[PDB]
Every structure is written in structure tokens, then in C-alpha cells.
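Chain by chain, the residues run as shown.
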Amino acid sequence: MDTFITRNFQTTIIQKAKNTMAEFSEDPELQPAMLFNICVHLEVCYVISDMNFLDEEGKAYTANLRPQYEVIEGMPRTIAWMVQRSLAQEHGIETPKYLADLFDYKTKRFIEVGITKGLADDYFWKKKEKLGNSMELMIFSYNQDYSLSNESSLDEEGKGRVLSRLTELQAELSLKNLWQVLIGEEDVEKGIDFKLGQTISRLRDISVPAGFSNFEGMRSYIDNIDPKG
Amino acid sequence: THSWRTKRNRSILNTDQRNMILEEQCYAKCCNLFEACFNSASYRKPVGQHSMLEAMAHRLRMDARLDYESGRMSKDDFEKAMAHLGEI
Amino acid sequence: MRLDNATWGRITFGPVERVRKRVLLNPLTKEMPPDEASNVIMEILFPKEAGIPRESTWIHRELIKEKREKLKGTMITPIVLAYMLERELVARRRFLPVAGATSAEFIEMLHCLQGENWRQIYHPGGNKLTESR
Amino acid sequence: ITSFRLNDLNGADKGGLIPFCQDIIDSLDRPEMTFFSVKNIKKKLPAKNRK
Amino acid sequence: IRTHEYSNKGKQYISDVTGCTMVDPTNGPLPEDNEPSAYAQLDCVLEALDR
Amino acid sequence: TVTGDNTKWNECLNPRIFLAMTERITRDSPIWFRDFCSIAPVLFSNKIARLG
RNA sequence: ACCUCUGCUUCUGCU
RNA sequence: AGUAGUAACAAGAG
RNA sequence: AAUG
Ligand SMILES: [Mg+2]
Ligand SMILES: [Mg+2]
């Protein structure tokens, strides 16, 4: 499942999601589930922060080169924490322990987004289990069930576009029989890999002491026998 | 003022490795801009798999935004800065 | 100041058995691990590049506020400030021949304290602790 | 590193030592290696001179 | 010369990677005089590491 | 007490013994680390001295 | 070319 | 010449 | 008693 992601998202979202997976030592070619989750997360965070703008007087409008939101999720970890340290140190708001997904320059608050498939209030309280009152929240789901924060300022144009996009993604996942891939977990360990090629294997074979034909004979002779006496 | 440094040995100006002078001073300029944008780069080792131009462009964009949101720039010099960053 | 406000005593000649012990060379403002001290220095000097916040910022908040009061309007470059802050926070512990006193205010004068066949009574400036006492 | 880039060997971009050593032991299987070297090109200058 | 002199009683061969002439003193014959010998026995090294 | 020196120490050792040592010491390690720690004696047992 | 460069700057190949 | 000591310098390059 |  990758032509789905190739046709349904722009190249920027896919490259940012692949670099986001590569930062946590993963493989995007072998896990379309987490790649799809990060692509959906970045598309929601970019559609919410698309065309909200504050002018020179500071009044918001949805239609300038100073937007209302600054996107923290998507950037590399050092750059995203640079933006979080700067925006926390400038406005005086205390720096959160974790990495938020958006920043609102009107409310001047860190707005974290979550994406779930069941009760939006359930994932809301799952976030409140670990956050506290340090961030805001914008929880959504695939069945027109959202749960915004208690000090939120989200309008209803983008709230229409986000849920329309989530439902259309769900319909296209179910149309090509792809929701079953997302229900199951694509779990494999990204262990350390080190493949010996052709020349170094030949060199290690001929670099053995006298009495051994190949290297694995010498290795098993070292591992198996008891040289006592 | 007694912590001076001695001059570079100029025997390389006659050999075949004079291009490695220019090849050094192409590097140094880039690094001397990087520590301009990231002042902690001399003390901390910078970590990251992204490019050296992406990090500098993001740092300059955030510096220009937090300059205009504090009065330390104009409404026109901010447009010049964001137009240059739109080129980059 | 610990040299200037000090007093010297008698010098005695006689045998001295020095034991090679791992001691602290210079006294510190506050002894921290090097990564925790690096987080402290990044919060003091380059706060917008400190990255992910640790729990060391809440423990060391008064040290950070004091060290940001003291280095307020200086024109010394921040690499020298970072070198001096790392000098006064990160420990240097080495193996030295020690006979008698091993506190850091005596290890900084160990060259003039005693030798293999002589000893010099010395009391530094400042104020001695309670655990060492 | 700058010569390994010309051969589709990019264990230096990932930042670890293990992908770089992987590309080191995979360059031994490369049939050709391209790198940057320096030659010299001569040039005539006319003047009032001898020889 | 001194390296190949102290190990010339071992297995000589020609490498099928580079083409060079390689000499193998390891598990070669035991020495018979107080010349410096490089003929290390593998079982003695493994018994030393196991102890 | 023997006050001792070792003559011809660099010429009389072997990378083929150090390969067996890095195969004996890393017995209970994963296979990728055993392939990593067994490359330096391989490149040292096939080294080529440039003369000068 | 009674001109210029250099004083630790490495010589596989252009030779 | 000489310094020196298993091989150089007693100027090199353009 | 330490602080790798
Ligand atoms: Mg996040
Ligand atoms: Mg000895």
C-alpha cells in the first residue's frame, strides 16, 4: 500500500513523513500503517493551519506573510524544539515537556492534535492523562466525532474541511480494501543490520589460520570444541 | 591580546594543492554563516540528518517572525526578508 | 582570594607517606554530571537552542537565574563564557599523591603543601564546610 | 565522503558510524570508483622574452 | 624482509582477491631454535583465552 | 622478578590470531556485532605496505 | 626572471 | 669543504 | 565511602 499514498498526498507531506519515520529509526517501505498515520496527521495539521492570518492590527481572517498558526509537527526534532523554545521564551508561556503540533499566535497557545478512530472524548482523556493543563487539544475521528479544547478558537470552515477529508480518506481506504491493513499492526523490529558483501566475505574466508577451508568452519571450531589440555 | 595565532604555512602556494585553499574558503564561509544563525554550534555539536540550508532557512524565518512580532523590524524590511526567504 | 586571605604555619622536616588517591582538583560552584551541566550551560547562554527540556532546569533554576544575573551585559564572546561555566560546574577528578588533606582547597595547593620529606601547615581562605569538618 | 557521494554510497548522511562502515565495506564490491583528483593544464603567455 | 623471514616456514599462497603473495604462519610448525618465530598455535591461544 | 622486553613484537604477531580472539571474545553477542568486530583483523591480514 | 613565491606541507598518476 | 651517519643538506619552485 |  504505497500508490495510495503516492496519489492521495502531495510530495512534501510524504517526504516529511518519511523523514519523521527515519528520525525514530524505522522503515517506510515496510510499514505503510505508521507512514499513513503520519501523513494523515500532517495533512490535518496543514489544513487547519492553511489560510488563517493576523494582519498588522492583529485581527484574524480566513482568506499577508504572517499566518495565525505556526506548524511545529513535521519539522526535524532539533528545528521543532528550536521553534518551541523560542515561542515559549518570547511570549512568556512556560515550555511544555513534550512537542506540540501547532502554535496559535492569537490565543498564543500550543495546540496539540490527536487522531483516533473511536470516541474522541476517550482519546481526549488519554491525552489529558499525560499532559495536564499545559497544552490545548484538537481531537478528531473518522466518523464526524471531534472533541476540541475548553479554551479553543477553531472555526467551522476548517472543521468542515478536516472531517470531509477524513471521511473521504476512509471511503477510499474501504473502496480498495485497505482498512484491513490499517486495523492490523505491521510490527517488525528495526534491529541493527550489517551485511557482509562479496569481497569482504572472500577476504575473511582467506584470512583464516591454516587448517580451515572457510570462515564458518573456523567460527564453529572456536565456538564448539574444548581446548583444555 | 597575547592569545594570538601564528600564520598559516604558505608552502602550499607553490605546490599543486592551491585549489584546496579555495576549497577551504568555500567551506569556511558556509560554517561562518552557520554559527551566525546557530550560536550554540561552537559549544554544542549540532545533530541532525537534514540539510545545512534547511536549518538555516527555518532559523532565519523564525527570527524574522519574532522580530516583526516585537517591533524590532519594519513592515517593509519584513517584506524584504520574507521575499528573500521565499527565493531561498 | 583563597590564596590572599590565607595564613601559613610552620614547616616541618620528616618522613611523609603519600597515598595516590583520586581527588577533586578545583572546588566547584555546584557539582553536576557533564550532560546535566551541559543542559544548565545551554539554558544560561543559548536558551533558544536548548532543545528538549530536562528535569534539571527545575532543580537548577536559581543557579540559572543567578548566573544570568551575573553575565548580564558583558561583551566577552559566549565560547569563553561557556568554557568558564564548564570550568566552574564540571568536576576534574584525577589521581594525585595525597598525604593529610584531600579537600579541593588543599588540592589546589598540593604542590606547596607537603613533599616526600617535608610538610607545610596551611589554612586557605573562604569558609570550610560541615561534612568535611 | 565527497567521493562516496559520486557512487550512490550515502552512509554519511544518516549520521551513524554503522551505515558509514556499511558503505565502506560495500565500496569494496564496487567495480569502479570515481573520485575528485587534480590534473594540470598548461598555458602560453606571450611576452618579450627568451627561449 | 624481517617479517617474512620470521614466518617463511608457513603456508604460502596467492590471493584470489588482489593477487599478492600471502604467508600464513598461524598453525605452522613448532620452532626448533631461539630465533623469533611467528608460528602461533591456535589451540594454545584458545586455551589461554578460556583460562 | 624478570625485567623483560619483547623483541620483534610488531613483526611476529598476527592478524589471524586477533581474528580468533575477536571470535572468542564476542561469543555471546549478536551476529551483526560479530561481523563488525571481525573486519579489522581481516583488513590487517591482507594489508599492503607502501614503501616510500 | 640580477623578477616573483616559499622555509614542517607530504609526489600514486599527469612525466 | 663541512655538518653528519646506513641518507641527506650544502636552497627549492615558477 | 564515592562521583569515569
Ligand atoms: Mg507531535
Ligand atoms: Mg621492560
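- Determination of this PDB entry was carried out by cryo-EM to a resolution of 3.1 Å, according to the record.

### Observations regarding the overall build of chain D
Argument step 1. When helices and strands are tallied, chain D shows one helix and zero strands.
Argument step 2. Computed over its C-alpha atoms, the radius of gyration of chain D comes to 20 Å, more than 25% above the 10 Å expected for a compact globule of 51 residues.
Argument step 3. Structurally, chain D occupies a C-alpha span of about 60 × 25 × 15 Å along its principal axes.
Argument step 4. Relative to its 51 residues, chain D shows a buried fraction of 18%.
Argument step 5. One way to put it: in chain D the 10 positive side-chain charges average out to a point 30 Å from where the 6 negative ones average out.

### Some remarks on the coordination of the magnesium ion (ligand 1)
Residues and elements named next belong to chain A.
Argument step 1. Within the protein, the atoms that donate to the magnesium ion (ligand 1) are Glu73 (OE) and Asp101 (OD), at distances of 2.1 to 2.5 Å. On the criterion of sequence distance, the pair formed by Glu73 in the loop between β3 (69–71) and α4 (77–91) and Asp101 in the loop between α4 and β4 (102–104) is long-range, its members being 28 residues apart.
Argument step 2. Of the residues examined, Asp101 reaches a relative accessible area of 3% and is grouped as buried.

### Quick word on the state of the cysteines
Residue and element names in this part refer to chain A.
Argument step 1. Applying the stated criterion to the full structure yields zero disulfides over all chains.
Argument step 2. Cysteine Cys45 remains unbridged, with the sulfur of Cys39 as its closest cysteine sulfur at 12 Å.
Argument step 3. Exposure remark for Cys45: the relative accessible area of 0% places this residue in the buried category.

### So, the nonpolar core
Argument step 1. In terms of nonpolar packing, the biggest core is built from 34 residues, with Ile5, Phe9, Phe36, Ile48, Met138 and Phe140 of chain A touching the most fellow members.
Argument step 2. Mapped onto this core, the elements with two or more residues apiece are α1 (3–8), α2 (11–23), α3 (32–48), β3, β5 (109–115), β6 (136–140) and α6 (157–175) of chain A.
Argument step 3. Of all the elements, α3 of chain A adds the most residues to this core, at ten residues.
Argument step 4. Grouped together as the second largest cluster of nonpolar side chains are 27 residues, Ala120, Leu137 and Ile139 of chain A together with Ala41 of chain B included.

### Looking at the interface of chain F and chain A
Argument step 1. Each partner contributes to the interface: chain F provides 17 residues, whereas chain A provides 16 residues.
Argument step 2. Note on chain F versus chain A: buried area summed over both sides is about 1600 Å², and carbon and sulfur give 62% of it.
Argument step 3. Inspection of the chain F/chain A interface yields four salt bridges.
Argument step 4. As a salt-bridge pair, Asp35 of chain F and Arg219 of chain A come within 3.5 Å of each other at their nearest N and O atoms.
Argument step 5. Our count for the chain F to chain A interface comes out at eight residue pairs in polar contact.
Argument step 6. Contributing elements (two or more residues each) for the side of chain F that touches chain A: α2 (15–25), α3 (31–36) and α4 (40–44) of chain F.
Argument step 7. Grouping the amino acids of the side of chain F that touches chain A by side-chain chemistry returns eight nonpolar, three polar and six charged.

### A word on the interface of chain B and chain C
Argument step 1. Each side of the interface is counted separately: chain B has eight residues, and chain C has ten residues.
Argument step 2. Of all residues in chain B, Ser40, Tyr43 and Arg44 of chain B give up the largest surface area on contact with chain C, accounting jointly for 70% of the area buried on that side.
Argument step 3. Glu49 of chain C is paired through a salt bridge with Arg59 of chain B; the nearest N and O atoms lie 2.5 Å apart.
Argument step 4. Taken together, the connections running from chain B to chain C amount to three residue pairs in polar contact.
Argument step 5. Of the residues in the side of chain B that touches chain C, the class split is three nonpolar, three polar and two charged.

### Quick notes on the pattern of salt bridges
Argument step 1. The final tally for this structure, using the stated rule, is 33 salt bridges over all chains.
Argument step 2. One salt bridge connects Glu136 of chain A with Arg109 of chain A, and the closest N-O pair in it is separated by 2.4 Å. Of this pair, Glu136 of chain A sits in strand β6 while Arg109 of chain A sits in strand β5, and the two are 27 residues apart along the sequence.
Argument step 3. When salt bridges with common partners are traced through the structure, they connect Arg204, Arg219 and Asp223 of chain A together with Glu23, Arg34 and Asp35 of chain F into a single cluster.

### Side note on the environment of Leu9 of chain D
All names here are of chain D.
Argument step 1. Following the sequence through the fold, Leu9 ends up in the segment before α1 (17–27).
Argument step 2. With a relative accessible area of 6%, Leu9 lands in the buried category.
Argument step 3. Distance in space between the C-alpha atoms of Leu9 and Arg30 is 10 Å, their sequence separation being 21 residues.

So, how was this worked out
Residues numbered from 1 in each chain as written, not as in the entry; some residues may be left out. Chains lettered and ligands numbered in written order. Part of a larger assembly, values for the part shown. Heavy atoms only, no water. Helix = DSSP H or I, 4+ residues; strand = E, 2+ residues; numbered from the N terminus. Rg over C-alpha atoms; globule rule 2.2 N^0.38 Å. Buried < 20%, exposed > 50% of the residue type's maximum accessible area, 1.4 Å probe, protein only. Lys, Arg positive; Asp, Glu negative; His and termini not counted. Charge placed at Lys NZ, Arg CZ, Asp CG, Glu CD. Donors = N, O, S within 2.8 Å, 3.2 Å for Na, K, Ca; no water. Disulfide = S-S within 2.5 Å. Core = buried A, V, L, I, M, F, W, Y, C linked by side-chain atoms within 4.5 Å. Contact = heavy atoms within 4.5 Å. Buried area = accessible area lost by both parts, 1.4 Å probe. Salt bridge = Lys/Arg side-chain N within 4 Å of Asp/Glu carboxyl O. Polar contact = N/O pair within 3.5 Å; in protein donor to acceptor, adjacent residues only side chain to side chain. Nonpolar A, V, L, I, M, F, W, Y, C, P; charged D, E, K, R; others polar.

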